[PDB]
């Protein structure tokens, strides 16, 4: 389903995903990709660069294509991504970790 999007990398490892979004250092703050979960099959992960460090956010994709991130529900993964391009990801560390999604790592 998600294989038509350039930011979807399928079953890449957590370590590989982290290195992909960290490659350009803190200048790539907000750069992201989406992958299959490596430790919980059937689930997905948004991996993104935060101040040069990789962070990983679990996503649930329903059979209808809708996307849940913890308490937040979106009609699609694309809608979730656009939401976090416009509004900061509400992480626990608050303003010291402000991040909006920016670019993405293109799948090979």
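Numbering follows the first chain given and starts at 1.
Check: Which of the two stretches, 89-97 or 17-25, shows the higher mean Cα temperature factor in the record?
Finding: Mean B over CA atoms: larger for 89-97.
Next item on the list: Name the higher of the two by mean Cα B-factor in the PDB entry, 53-61 versus 32-40.
Entry: On average, C-alpha B-factors are higher across 32-40.
Next item on the list: Rank-wise, by C-alpha B-factor, drop residue 108 into the lowest, middle or highest third of its chain.
Entry: Its C-alpha B-factor belongs to the highest third of this chain's values.
Item checked: Third of chain Cα B-factors occupied by residue 46 -> Answer is lowest: the recorded C-alpha B-factor places it there.
Checklist line | residue 72, C-alpha B-factor rank within chain (lowest, middle or highest third) | finding: As the PDB entry reports it, the C-alpha B-factor of residue 72 lands in the middle third of its chain.
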